[PDB]
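Only one structure is covered here, and it is reproduced in the block below.
All ligand and atom numbering here is 1-based and tracks the order in the structure. Residue numbers run from 1 in the order of the sequence given. Note that these values count all heavy atoms, side chains included, but never hydrogens, waters or copies made by symmetry.
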Amino acid sequence: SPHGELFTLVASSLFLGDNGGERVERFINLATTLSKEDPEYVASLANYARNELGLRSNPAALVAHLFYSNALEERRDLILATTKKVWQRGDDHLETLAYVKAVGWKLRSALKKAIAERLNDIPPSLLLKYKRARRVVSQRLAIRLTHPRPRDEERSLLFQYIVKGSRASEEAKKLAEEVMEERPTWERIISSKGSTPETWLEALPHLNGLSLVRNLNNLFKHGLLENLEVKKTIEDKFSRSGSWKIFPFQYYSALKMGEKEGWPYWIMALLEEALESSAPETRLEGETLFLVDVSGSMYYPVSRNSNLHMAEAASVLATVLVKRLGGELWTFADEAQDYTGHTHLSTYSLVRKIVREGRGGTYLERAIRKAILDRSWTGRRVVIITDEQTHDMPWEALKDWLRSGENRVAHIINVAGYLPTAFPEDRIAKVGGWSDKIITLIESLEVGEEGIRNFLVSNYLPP
Ligand SMILES: [Ca+2]
């Protein structure tokens, strides 16, 4: 299936880096074939990948392929809608330009015009925040290649500043430091004035959502969490936490740091409440059995910057999803342990308990027999999160359970990358690593190569 192959090639870049040998040449071939044969699918995939998977290079390349296909002339409105969905950040159109360069194509008029219109339309402060002045494909290069006719006086001056910087008129240099002086981000208050109780007090009104959550320790170390006006302001902000774009693991990461540092209980309680409320909406239906690897090897950091280890990340995900879908929550190492009787604890407390009670070796097949096979579990979906190494003839007990009922499916997420990302094969889908975007991936993989086309177009065709 070329539709399915292109999907998993794109999705796998979540684990093989956003960004050549086989995967480049196969990507080019599949994207060319599908932009000719099913441009709606290509456009929906680029939207999905940009905005559900958070990927940047693959969707920008898919946009390039649409511009160089029959869809340019036959479906210009689709191409415009797609660029509206894919060119989100100030440098995304630069990624499309970069791909066109990488593959050897001549930059064509329609793409030039689209980039030029984008150069005229991006908010000025965002166009300067993503100058990309030291990249090869910079905003300077884009302006010189696409020749935007400045719509506005300010835009003429922004172009001047971008293309020559120092050598620009002070008429333009001033406006450069003005789109940065007004409406300044909190990062600016702190970088310019430094890091003091008064500078963080000034930053706080501009601290919202994830930026607030991630900067609570800076507030704490300056004593600001004992300031009563700070408390009132953070309570006001957290009263709208339901509207934040934030994953459950980011609340858990904040709480864990609050444990280490001794944050006051009032802020911990706010974070615990926000974590408890953080179940995402999913297309998945039906009770689900989660089987979470908590062997010692899972106690490795998720990444260099994260304060989480893998067992924590996997447990956070499984706990939030099982509270949304219903079903069962098991972990496993030497033995399987059933936590379903404990889902009434807060998510924070349950995950802390799980990870505290984990560690050991990795006996996945034994766990599947205890948890799924011998108990004759009756739900239709199993999700296993593991770092087990590649065994030959793997999950035969799982296949046994999958054949013992109608429409059963399993997803195996291997956080060490020891599996590919694959649509269900013998009713087992596979995910090639860890990602905070696993839910939308499972959703897509569950519809199979037979449903992915209409699934992606009906859900994600650019409007
Ligand atoms: Ca393991």
Side-chain angles (χ1 to χ4, degrees), residues 12 14-16 248-249 252-253 256 288-304 306-322 327-340 342 350-375 377 381-402 409-422 424-439 441-442 445:
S12 70
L14 275 189
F15 316 119
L16 304 161
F249 87 87
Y252 183 87
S253 166
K256 192 185 177 180
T288 304
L289 188 144
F290 297 86
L291 196 45
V292 177
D293 188 339
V294 295
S295 68
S297 56
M298 283 302 262
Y299 285 72
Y300 211 82
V302 169
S303 73
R304 279 203 333 249
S306 178
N307 64 332
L308 268 68
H309 60 236
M310 208 63 255
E312 280 171 326
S315 297
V316 164
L317 181 64
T319 298
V320 171
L321 288 174
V322 68
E328 279 178 20
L329 180 66
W330 294 72
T331 69
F332 78 90
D334 298 293
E335 286 295 337
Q337 292 179 259
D338 178 17
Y339 285 89
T340 309
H342 289 108
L350 187 49
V351 170
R352 298 285 294 177
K353 179 183 176 62
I354 284 166
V355 163
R356 189 169 67 231
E357 302 177 352
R359 300 187 172 84
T362 311
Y363 294 73
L364 176 51
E365 289 274 23
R366 186 187 319 174
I368 295 166
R369 294 194 185 273
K370 193 183 168 187
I372 299 147
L373 187 67
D374 299 348
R375 298 184 49 244
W377 187 69
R381 186 185 296 101
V382 163
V383 172
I384 296 171
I385 311 162
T386 188
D387 69 358
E388 70 169 353
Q389 306 171 9
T390 31
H391 296 306
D392 273 340
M393 227 90 63
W395 57 89
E396 218 68 34
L398 192 42
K399 300 205 192 150
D400 177 15
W401 175 83
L402 286 166
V409 71
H411 305 270
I412 305 298
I413 296 90
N414 190 295
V415 304
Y418 299 153
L419 288 178
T421 301
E425 314 169 319
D426 297 320
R427 317 184 145 280
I428 296 170
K430 305 167 183 175
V431 179
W434 181 256
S435 174
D436 52 17
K437 295 180 178 67
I438 279 176
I439 300 182
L441 194 41
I442 292 178
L445 290 173

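Here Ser297 does not reach the Ca ion (ligand 1): none of its N/O/S atoms is less than 3.0 Å from the metal. Among the backbone and side-chain atoms of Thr386, none of the N, O or S atoms lies under 3.0 Å from the Ca ion (ligand 1). Taking backbone and side-chain atoms together, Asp293 has an N/O/S atom less than 3.0 Å away from the Ca ion (ligand 1).
Shown are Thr331, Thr386, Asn414; of these, the side-chain hydrogen bond (donor to acceptor under 3.5 Å, both in side chains) with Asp293 is made only by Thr386.
To the nearest 0.5 Å, atom CG of residue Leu441 and atom CG of residue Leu14 are 6.5 Å apart.
In this structure, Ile413 and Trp434 have side chains that are in contact, with non-hydrogen atoms separated by less than 4.5 Å. Proximity of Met298 to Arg359: side-chain heavy atoms (C-beta onward) are nowhere separated by under 4.5 Å.
Take the N/O/S atoms of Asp387: the one nearest the Ca ion (ligand 1) is OD1.
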